[PDB]
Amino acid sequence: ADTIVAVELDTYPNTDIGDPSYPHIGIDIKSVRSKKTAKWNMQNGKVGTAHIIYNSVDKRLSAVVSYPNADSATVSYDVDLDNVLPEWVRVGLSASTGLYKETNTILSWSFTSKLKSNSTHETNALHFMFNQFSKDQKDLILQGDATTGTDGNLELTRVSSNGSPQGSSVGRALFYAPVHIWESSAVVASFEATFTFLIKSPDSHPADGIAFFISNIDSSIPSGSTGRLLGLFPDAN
């Protein structure tokens, strides 16, 4: 079972597995059962922005989801990630549908990672920025139902040629090169991630949501992770 850390943009209350009774944003440390949640005020058919930050000094993982001309939703969590995560990781975006469904459109994705070591005090860094996605994007690893190059976007779950999101779909996109997310001889370690998304649904209810996640480098869609497990966890422990 793969080590997962994720910030989930959960659009579907799964009350049987501990979801609060409203669309919410969550911090998931090795479980779909969030460690901290926050009411999120989703706008169907509106482009939204997500922003995740962590730094090894506060050892706190914050995320803020926001639409133009509306309030934030924030959710933070004290967590020492070098006790959770392997030293090297891949980071990625994940998304799923179930009985109910939604477009899981990714529009822009950026990410920054820094290690400021304790031996030499000289920093290592990684930075990537996707504002559009071509049809044959080679620094991305696509898993399951994800496809790029439709209107310059990254489409995480399926969309028909008639634009209608499909059900029982899971897709992920991972950045191709692994990231050095912590190291014992490091004074300060920090990362930032940002993406913009468009969730649109013809149903009265949209599901299930998008997640930003960090994981061991060889992670893949777990068996049966469609629907409420967001392509992230095999089960619901």
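One-based numbering along the sequence shown.
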Quiz prompt | Entry-level comparison of average CA B-factors, 78-86 and 118-126, reporting the higher stretch | solution = 118-126
Quiz prompt | Mean Cα B-factor comparison, 138-146 or 155-163, giving the higher one as deposited | solution = 155-163
Quiz item: Which has the highest CA B-factor per the PDB entry: 56, 31, 196, 169?
Solution: 169
Practice problem: Determine which member of 105, 108, 113, 72 has the highest CA B-factor, using the values in the deposited entry. | Solution: 72
Quiz prompt | Third of the chain's Cα B-factor distribution that residue 213 belongs to, per the entry | solution = lowest
Quiz item: residue 21's Cα B-factor: lowest, middle or highest third of the chain?
Solution: highest
Quiz item: So where's residue 178 on the chain's Cα temperature factor ranking, which third?
Solution: lowest
Quiz prompt | Relative C-alpha B-factor of residue 91, binned into the chain's lowest, middle or highest third | solution = lowest
Quiz item: residue 205's Cα B-factor: lowest, middle or highest third of the chain?
Solution: highest
